[PDB]
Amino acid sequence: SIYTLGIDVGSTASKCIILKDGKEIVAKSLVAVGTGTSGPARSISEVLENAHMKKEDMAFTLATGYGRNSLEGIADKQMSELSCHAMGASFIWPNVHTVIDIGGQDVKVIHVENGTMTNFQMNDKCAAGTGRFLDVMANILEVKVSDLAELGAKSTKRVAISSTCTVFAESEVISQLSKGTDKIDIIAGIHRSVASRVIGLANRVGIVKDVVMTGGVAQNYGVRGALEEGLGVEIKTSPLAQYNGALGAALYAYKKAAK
């Protein structure tokens, strides 16, 4: 009976979630964020449509993300991206305590307790370990970022990328091609390279029980598997992975719409 709207406006995309009584997801949406493109707005329409409801049907609207204020007038209230991820993770996995969120342009590991963000470490300046790292690599390899996972899974040889930087690592990848190294192998290498950076931030926080991966890159099971190897613990993820930030907002909305 009470419908709420969670809006996660990131730097790459804008995700939306609408849930009934804060217990079930009725609809979600995702729209690329282009300059001028007005995609966060579009995504809102997208959800409302998918759900067959009007903005006036939402009890409370909560926005989060990089441009969580670009639609200030839309959201009743805005909230930290760390908070929503913690809240959302908790809705999907009750025993979460550690949340690894990789999105374009940034990474962040969050320690969660009672759907809240206890502590966290995040990278906002280095393109390394971000989905942007994976883009720059998929381009040189001439492959689709959403294929990397599938390809790297075929690797038979370990190929390391000693360069920590995206720029230097780019040359490495180019050079590994000059040596006739297979792409499948270079990819699995790029994945461990990303895992390595995440693991780097990860340790300043500590991997607690029931680790979950969130964000768009979450889909890349190549990357996630590289993470399980590094941290040596199960890394969980679900289809809703990239809609976590939004899901968190919707949960905080339904909460604000009860107090």
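In case it trips you up, residue 1 is the first one in the sequence shown, and so on.
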When mean C-alpha B-factors in the record are compared for 134-142 and 171-179, the larger belongs to 134-142
244-252 versus 6-14 - greater average Cα B-factor per the deposited record: 6-14
Highest CA temperature factor in the entry: which of 89, 71, 184, 159? 71
Which one of 122, 128, 82, 75 shows the biggest C-alpha B-factor in the PDB entry? 75
Ranking every modelled residue in this chain by its Cα temperature factor as given in the entry, which third contains residue 25? highest
Among the modelled residues of its chain, does the C-alpha B-factor of residue 98 lie in the lowest, middle or highest third? middle
Residue 35 CA temperature factor, ranked by third within the chain: highest
Which third, lowest, middle or highest, does the C-alpha temperature factor of residue 44 belong to within its own chain? middle
The third of the chain into which the C-alpha temperature factor of residue 216 falls is the highest
